[PDB]
Amino acid sequence: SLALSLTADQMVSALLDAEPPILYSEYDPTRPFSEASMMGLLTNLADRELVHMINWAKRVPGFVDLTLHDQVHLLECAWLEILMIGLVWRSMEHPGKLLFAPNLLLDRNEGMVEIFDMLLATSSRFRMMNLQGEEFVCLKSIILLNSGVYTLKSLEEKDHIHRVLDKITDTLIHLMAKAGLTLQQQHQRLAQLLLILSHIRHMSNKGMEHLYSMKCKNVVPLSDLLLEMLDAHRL
Amino acid sequence: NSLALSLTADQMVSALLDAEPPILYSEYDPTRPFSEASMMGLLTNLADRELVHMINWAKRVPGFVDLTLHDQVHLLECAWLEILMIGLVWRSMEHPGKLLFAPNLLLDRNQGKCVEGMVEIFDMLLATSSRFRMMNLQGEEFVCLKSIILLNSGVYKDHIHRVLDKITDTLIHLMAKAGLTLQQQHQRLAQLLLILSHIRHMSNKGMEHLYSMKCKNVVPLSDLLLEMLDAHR
Amino acid sequence: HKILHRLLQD
Amino acid sequence: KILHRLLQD
Ligand SMILES: CC[C@H]1CCCC(=C(c2ccc(O)cc2)c2ccc(O)cc2)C1
Ligand SMILES: CC[C@H]1CCCC(=C(c2ccc(O)cc2)c2ccc(O)cc2)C1
């Protein structure tokens, strides 16, 4: 693999160039919205983001080295996690608000509000740490590779994922050392970043519950792709 | 000011090791559980007793007692199944393909193959156990990870932040003490913390099943277990 | 109210 | 399977 041959700077450059764009929603301030229609907007937005995410994943160093079935599994496991850390990243500069889209900035106003507050808290954590763009793309790639690494010779695939994950770890430290952090500060910041991933996992799990609670209630037309991504978490 | 931050690394390790709860036994009777009633019966009884030890363990975790009572409640409600699971995974390290809920309660996936929607969580725990085993996870490292789970999982803040940093220093200290290079240290630190995301995932899937177990009528839940469960819903 | 509130005192 | 299709492209 060429992913294991990349320097930390090359790794960063690769991830930065693979970044998906920020998409617009169908939000219209002159148009009235219910909770049902607002979920419709987000569903539509997430569906279009998924297509970009899939092509982003293919440009994550080491990802296409895997079998298609393993590629499918990782994305099935991580898609809402990746959407959420993207949402949180976009919302850093907007305290108390979530920037779902450049034209969709929502503040806190069922347990949907709880998930909302959880996202706000994570965003608050990002800005207090002064999370960098180079760090963010590393974090996002880690989520993709790690979230499903533990759901014959399938172990060879699992080994490769671990080695790439080690590479991203090396890359994170490299970025922090370049930022002038002491060794103690590097280890502490590394831990801080990775602990956030546990929180992102939690929000994703809670998010899937609500989306499944949604789907069953007719309430909102889920897209064909979202239905399949969602169904993977039901088994 | 908390005395947790004033502790040396070795003192932090000693405090956590001393705070360790015991490994409890399940009820005897050598009947291998192959029913959803019997096995959930055994697991509920064990977890209920383990919870009481966990609560008193948490109070001996440096920094924890410095929090308000409500913050202590919040963290335990958020993390209790995670804490139970990482303990289970740790106990099962030396028994590949098996989960050691207790020294006299050793289950394999074929028993998990009962009970609707548990074999998946079973497999996840087995994978985590194997991972800890292949990493040669040490007891001193384990108690640091378990304390991190307690303090982090419901953290959403500055006191907890510094204590979490202190435990990070403690983990690094242990790895350096074990003779690891700087690169091996931060690589191992990353590997251990990434597993915590999987533990979180397994806990959330576990809550769903426990809630599912509750909604039916199979095992009487203790009032304590019911309140811990309700906190997640 | 909560059992946990009592147990954390003892 | 939509995801498998888009990945295979
Ligand atoms: C259900 C919890 C909620 C929390 C954050 C906002 C959410 C979604 C989301 C998250 C990030 C994002 O960029 C776009 C959309 C979402 C909404 C509907 C859907 O069918 C899929 C995803 C989900
Ligand atoms: C298949 C393993 C997993 C599935 C269901 C949830 C589990 C646990 C459980 C079961 C019943 C219960 O009321 C509270 C907790 C458990 C976890 C760790 C431990 O030391 C004891 C019990 C075990």
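The chains referred to below are lettered A, B, ... by the order of the sequence lines, with proteins before strands, and numbering in each begins at 1. We count ligands from 1, going down the list as the structure has it; atoms in each ligand are counted the same way. Hydrogens, waters and symmetry mates are skipped; everything else that's a heavy atom, side chains included, is used.
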Which bit of B:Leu210 is near ligand 2, meaning a heavy atom under 4.0 Å away: side chain, backbone, both or neither?
->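 Looking at B:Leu210 and ligand 2, just side chain atoms fall under 4.0 Å.
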Report the part of B:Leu225 in contact with ligand 2, treating N, CA, C, O as backbone and CB onward as side chain, heavy atoms under 4.0 Å; options are side chain, backbone, both, neither.
-> side chain
With distance as the sole test, does A:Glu26 use its side chain to make a donor-acceptor pair with the main-chain N or O of A:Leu41 at under 3.5 Å?
-> no
Contact between A:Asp47 and ligand 1, counting heavy atoms under 4.0 Å?
->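 Contact absent.
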Is the shortest distance from a heavy atom of A:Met112 to ligand 1 less than 4.0 Å?
->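 In this structure, A:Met112 qualifies as a contact of ligand 1 - some heavy atom is under 4.0 Å.
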Is the A:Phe136 to A:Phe126 ring centre distance short of 6.0 Å?
->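 Centroid separation for A:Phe136 and A:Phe126: 6.0 Å or greater.
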[X] neighbourhood, listing ligand 1 atoms whose heavy-atom distance to it stays under 4.0 Å:
| X | value |
| --- | --- |
| A:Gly207 | 1 (C) |
| A:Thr43 | 18 (C), 19 (C), 20 (O) |
| A:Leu222 | 20 (O) |

For ligand 2, which atoms, with element, lie under 4.0 Å from some heavy atom of B:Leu84?
->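 Result: 18 (C), 20 (O).
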Give the atoms of ligand 2, by number and element, whose distance to some non-hydrogen atom of B:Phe101 is under 4.0 Å.
->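 Answer, ordered by atom number: 2 (C), 21 (C), 23 (C).
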Any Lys/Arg nitrogen of B:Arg91 or B:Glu50 sitting under 4.0 Å from an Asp/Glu carboxylate oxygen of the other?
-> yes
Hey, are B:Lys214 and B:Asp230 close enough for a salt bridge, meaning a charged N less than 4.0 Å from a carboxylate O?
->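 A salt bridge is present here (some side-chain N lies under 4.0 Å from a carboxylate O).
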Looking only at N/O atoms, are B:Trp80 and ligand 2 under 3.5 Å apart anywhere?
-> no
Please state which option from [options] has its nearest heavy atom closest to [atom].
| atom | options | result |
| --- | --- | --- |
| atom 22 (C) of ligand 1 | A:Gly40, A:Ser204, A:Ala46 | A:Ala46 |
| atom 19 (C) of ligand 2 | B:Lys205, B:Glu50, B:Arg109 | B:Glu50 |
| atom 2 (C) of ligand 2 | B:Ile86, B:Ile121, B:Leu125 | B:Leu125 |

So is A:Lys140 actually on top of A:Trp56's ring, under 6.0 Å and inside 45° of the axis?
-> yes
Can you label the angle between the A:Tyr150 ring and the B:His198 ring as parallel, tilted or perpendicular, going by 30° and 60°?
-> tilted
Is the A:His202 ring parallel, tilted or perpendicular to the B:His232 ring (thresholds 30°, 60°)?
-> perpendicular
Are side-chain N/O atoms of A:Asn103 and A:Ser25 paired as donor and acceptor at under 3.5 Å?
->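 A:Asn103 vs A:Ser25: donor-acceptor pair found between side chains.
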Going by atom types only, do B:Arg60 and B:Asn56 share a side-chain donor-acceptor pair under 3.5 Å?
-> no
Relative to ligand 1, is A:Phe116 under 4.0 angstrom through side chain, backbone, both or neither, heavy atoms considered?
-> neither
Are B:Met40 and ligand 2 in contact, using a heavy-atom cut-off of under 4.0 Å?
-> no
B:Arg91 heavy atom under 4.0 Å from ligand 2 = yes
Is there a side-chain contact (heavy atoms from CB on, under 4.5 Å) between A:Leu16 and A:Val12 once you walk through the steps?
-> CA-CA 6 Å; A:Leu16 286 181; A:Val12 169; 3.7 Å; yes
